[PDB]
Amino acid sequence: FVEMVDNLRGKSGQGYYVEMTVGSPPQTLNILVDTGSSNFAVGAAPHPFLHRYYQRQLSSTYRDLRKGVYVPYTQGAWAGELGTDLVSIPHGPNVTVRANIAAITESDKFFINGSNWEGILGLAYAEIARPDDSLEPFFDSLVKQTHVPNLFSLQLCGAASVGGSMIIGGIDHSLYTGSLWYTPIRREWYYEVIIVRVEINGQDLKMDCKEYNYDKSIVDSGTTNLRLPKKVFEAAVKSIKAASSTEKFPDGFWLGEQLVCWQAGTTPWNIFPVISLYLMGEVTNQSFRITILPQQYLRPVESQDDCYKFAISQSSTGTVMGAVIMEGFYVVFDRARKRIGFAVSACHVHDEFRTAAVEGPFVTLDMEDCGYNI
Amino acid sequence: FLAXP
């Protein structure tokens, strides 16, 4: 794994990408790591925001599946041509696999100017692949064609340069401290988990736990924010407001439309509360909690000022534990054991007084009832 | 990143 450490790069707020190669001879591309979808896709035609792109005609091993595909996301969408080719990860396992590849030929609000990635690696399950579950996702193909164990882990390191590690096939202990706590994957489609309690600076939000998972809760490396179901978002904002008493912020700030700025070096983190999500544990009536700091949910936007955007936002399609959550943690996607592990990240941003945390056990009854049905 | 399901 030492050869996989620090294999992720990016621009703050623009996405974490791994270098991959496709075709013959190898065409090097930067690919966004996305646990929130299941399609492997690459820019395959010129676009204002692409420095490079997949040239199918230059790959001797490219196969045209002669079928189109369309993939819509919460933010953006693209359409393209299905096909297959040979795929390797330079700073990952030493192997070449054949995999499905969507060559993106049309897109809207998908590519991000200056982000330095040209494609996306959907790491979730076949069930949500487009056009349908018969289009084998990359990680399934990797596992089937090699001896790479059915597991990967992500360490996303926040901030304007960003970095981290995608450890393919294992867990690198130098990337975390303390204990790993596991939560079951409720269902193999997205990486769906179950949130059983929410606290803001130790104050219970006091909602029925089903609200926290309406209509699902997912772990998504390809989404910036912590996105909460509308009802939960409103309650969270009210509680966060109350907690941050010494300062009043405009409505626009809480909607992510206005930045808050302070003299460089004087950000009063102490004003804002920590936020804890309790997750269903692997043992009956047992939960654990992960706690994030405002250094996670107030994201720096790029003079002599530090400006931040509030990065907790509303969702119409359930909770999304995005980069805001993941940057505090080393996260183990244990597909073999149908579970997601969390530990305190060795690289998370914090201060001399508070730290991101993973702690348990806590007693929580009837946790299974916290799941929403359908 | 998927919308729909």
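Convention: sequence-line order gives letters A, B, ...; per-chain numbering from 1. Heavy atoms only: backbone and side chains are in, while hydrogens, waters and symmetry mates are out.
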Does any heavy atom of chain B fall under 4.5 Å from the side chain of A/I218, the backbone, both, or neither of them?
-> neither
Please determine, among A/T35, A/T224, A/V320, A/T74, the option with the most heavy-atom pairs under 4.5 Å with chain B.
-> A/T74
CG on A/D34 to CG on B/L2, rounded to 0.5 Å | 8.5 Å
Count the heavy atoms belonging to other residues, nucleotides or ligands that lie under 6.0 Å from NZ of A/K231, then report whether that count exceeds 12.
-> no
Can you check whether B/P5 reaches A/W189 side chain to side chain, under 4.5 Å on heavy atoms?
-> yes
Which residue pairs pass the salt bridge (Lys or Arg N to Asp or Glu O under 4.0 Å) test with at least one member in residues 115-129 of chain A, sequence neighbours excluded?
-> A/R52-A/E118, A/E127-A/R187
Do the non-hydrogen side-chain atoms of A/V33 and B/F1 ever get within less than 4.5 Å of each other?
-> no
